[PDB]
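Quick heads-up: the structure tokens below are two forms of one chain, split into structure 1 and structure 2.
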Structure 1
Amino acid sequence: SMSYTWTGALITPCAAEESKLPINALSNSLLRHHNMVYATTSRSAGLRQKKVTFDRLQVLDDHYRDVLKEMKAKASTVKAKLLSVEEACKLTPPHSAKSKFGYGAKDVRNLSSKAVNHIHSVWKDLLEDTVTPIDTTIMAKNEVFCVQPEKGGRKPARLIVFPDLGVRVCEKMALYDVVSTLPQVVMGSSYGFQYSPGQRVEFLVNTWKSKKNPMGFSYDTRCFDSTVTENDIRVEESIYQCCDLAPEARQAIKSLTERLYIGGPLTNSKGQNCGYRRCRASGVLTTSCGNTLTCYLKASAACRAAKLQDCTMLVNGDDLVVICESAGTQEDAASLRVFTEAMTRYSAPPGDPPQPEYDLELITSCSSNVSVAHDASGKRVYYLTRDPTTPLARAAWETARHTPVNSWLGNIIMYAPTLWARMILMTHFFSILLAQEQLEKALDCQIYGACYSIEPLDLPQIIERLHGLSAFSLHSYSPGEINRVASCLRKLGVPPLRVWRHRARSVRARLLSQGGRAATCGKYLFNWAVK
């Protein structure tokens, strides 16, 4: 069936949408080619609709059926509980879209009688009505990227589909305990979300070294959410039901699947009907768990169809990495094509055909890759890095415009061990915090699904806990990583690394001069700039 059927009404914004990077001195201090940085807007919604709309054909086989039976068997060992209205309220993110019914996320979090009474009513309706399609809003996302001249130039806006806040809180009551425990049990070490950056690296490196002659590849599905079929969604529901659940939870899960997860009507910010969805909604509670389980099921089956040897998989939504025993150059190439044809039959064709890789550093998944450097004693240390283009573009954007979110702070924490986060992001932002004497002001930072209130002076402790002390002394990075960073700087018109090392020496001196916590940051975060 068609992933979407549209009416013609447009996907409308609900606030101003900025698309250009504003010429700023501070921002130009970091990046000079401002014209290359842009943000998506509802203006390009049409192009996206075109890409995400297509008929899905799916043919399953015994490889698929076998893996699904194996997953259900593991699922049957899971026990999950219903969250109460109050627990679900307390776990609701602070900045989510307010309800059309007169209350917002803050009212939910504060257990307002208005929010609470309405949520009890939505819950009772879910249990008593298991058929009426539930309303969802469709919006264009506003995200920042760097232009890609080697093609479409600017990317069209991504689309987000979500139900009302009341329903979202009810999804948590029914499924929060399930989505936070089931994936790990079913998939084991292949469940990517259980790992911090260093643990992810550890799993990949140990897996890689365990093969006599390792071969690996990344796979990513073109418009994965659109490739998810009704049968895939019902299969997910059948997996949830294998768990030992409370009766109301079972009833609510079934109702949510029928009325919301399998599909339903799309409404724009104007209240007009935009169309109908027959695929994965990107803004529901089960989006991540569902996508990961489905990608894992199809990829596991595909590995069997392609007869890949001693496969080990790592899955984060539609992002897949498979490491296996090489069967030879031409044999591997042919096996990957068979793998891809199986994934295609199961409905998940790739954006770009996967390619066999014999160098772990060259495999990119979740927009990241493993790389190596050396610690103080000269020992090899593996860590997670990524191309710095998007992180840099977003940093310049946040430098030029106060943003409710500090993605740059999130990158500093997740990528603390990398050459670019240390030399460029840390130097750039601490220089700014010093100049504005806001070194002690807490900033909101979205990381791993949660919004934290982080005081910059806490960074050394945060990084130490997440990456370990060696994060402050890595040196001798790989040529491939150094060249990628250098090229990216040239492309974006950001000062070469020589300049950053010089600027970092100054920031460090300024931090030490203050003593206390500030000096601690100078000592640890910028020990690399010394001598």
Structure 2
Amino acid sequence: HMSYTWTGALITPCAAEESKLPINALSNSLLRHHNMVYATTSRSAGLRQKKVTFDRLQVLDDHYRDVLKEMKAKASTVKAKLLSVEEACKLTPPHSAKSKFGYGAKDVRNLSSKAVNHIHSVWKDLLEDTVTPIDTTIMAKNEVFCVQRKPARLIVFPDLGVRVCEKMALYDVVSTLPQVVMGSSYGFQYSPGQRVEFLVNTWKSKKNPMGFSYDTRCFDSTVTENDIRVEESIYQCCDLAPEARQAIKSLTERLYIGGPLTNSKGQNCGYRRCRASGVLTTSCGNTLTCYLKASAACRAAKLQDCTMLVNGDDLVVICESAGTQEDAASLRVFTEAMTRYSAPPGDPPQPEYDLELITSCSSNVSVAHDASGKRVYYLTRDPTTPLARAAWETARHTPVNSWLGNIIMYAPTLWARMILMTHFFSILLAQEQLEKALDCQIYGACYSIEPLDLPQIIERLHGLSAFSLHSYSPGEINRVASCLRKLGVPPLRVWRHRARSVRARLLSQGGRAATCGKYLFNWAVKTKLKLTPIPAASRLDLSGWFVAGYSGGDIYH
């Protein structure tokens, strides 16, 4: 029961790949230690192939089936609708990979007759054929990291026509079912503000709180055929149109369970029998399966008063402590159970008794003070990776502007405000690109966002205090300064100086640019303004935001 089998054909690139950090006239203003930053390339795909390839054994017990039964009960309450071809098309990102059958993403988005004709013929084939494996492409991802080198992650995805069909059959399901089945434990429903609030309240709810994150080693490759059939049975609990049921059976049999793996040059690379990382159901499937296995493992480990927070395979548990030594033993049994369920650990879970020492979705809780001196909890992270990616993005336009994603989700943090906002607004002013819409990915979905709308977006996800936090914690200040020394990033005093300039330059522009000056950089001046609610923030359609996760799912808003 191997996760993959291979032919020896290489996982090839589409385009030229750079691994070394590109340097331009802006690079040194952000980061001097250039040799510490690299991008992954297809050249490391062979090592990843080794890592993701292993035998899965699964031992399923009554705790597993009990939880599953409970999950299906909740799933039966869901009604989902089929999308029209045209609805599905409009959810397609403008730069999504083109079909093999003579059309591309902009063809799909424009409802070009050729595209829509192909999609109708794909749909009809799903309805008629529930057996034939569907072809997928396997590609190496190019992502940027700091040293101390990771091999490239793999992405496996079916043809554009199929992807539109997935949307038609399952978009409403994957959008609505996770929150119904998992309620408050479903992470992708929450803005950052809502997530910190859930974490802090959950911690406070316990008499003696203990918490841990569980890291599954290569979660996608631990997902078995059983797991994928169980996912399908959950989806099938929904109130669905007859064509939707047939299409979901067909996609499950022909695509989700497994299939052939073709490189960008058309050569067969092998065969997958685990989760495809690049399908509509990757996030929803991962979340449900992670939740099922973890909920049953909690019961196996007799952890008391378990509260879970699950975003795909990212799992945090907060529960009642039994003292340190017993907690350690309980975690060992939790892991044993997970392992029997085919989700063994990368790093062994560590129990934590301070909420701020728990990392989940790569973030920890920390504390600052708002304008009134009130303590405010917010989410932050070690800024090394964000800054290494910012440095790549200073010299190269990328399909995913991670800095924008980071300014949005980590707006309240010391490092996003002082460094990211300052640096990137300086660049945008110089190139007259304040108004130019840019793509970023939040909870796996693509969003086209104009930088001038940042203040309103930040207000809506975080509140006005995002523009007012001060008196950050010693350990957080210390982590940021340390990171800046490691990377050769100028110290925070330099950034304050530049922000004052950027702020002025922005106010000179007037209008929405001045509003950016006023809100984003009020921390940089000594005569602070009073920041009042933004009129445009009440008008923003932030629907689409924080309903669900869609990593690998080819979704655009």
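Please note that residue numbering is based on structure 1, beginning with 1 at the start of its sequence. Take the two forms, superpose them, and find the largest set of C-alpha atoms that agree within 1.5 Å; that set is the rigid core.
- Here residue 403 and residue 193 end up in different rigid parts once the change between the two structures is broken into two.
- Hinge angle between the two structures, smaller rigid part versus larger, from C-alpha superposition: 9 degrees.
- For residue 484, the CA shift between the two structures after superposing the rigid core equals 1.1 Å.
- Its Cα shifted by 0.9 Å, residue 386 is compared between the two structures on a rigid core fit.
- Core superposition places the C-alpha of residue 442 4.0 Å apart between the two structures.
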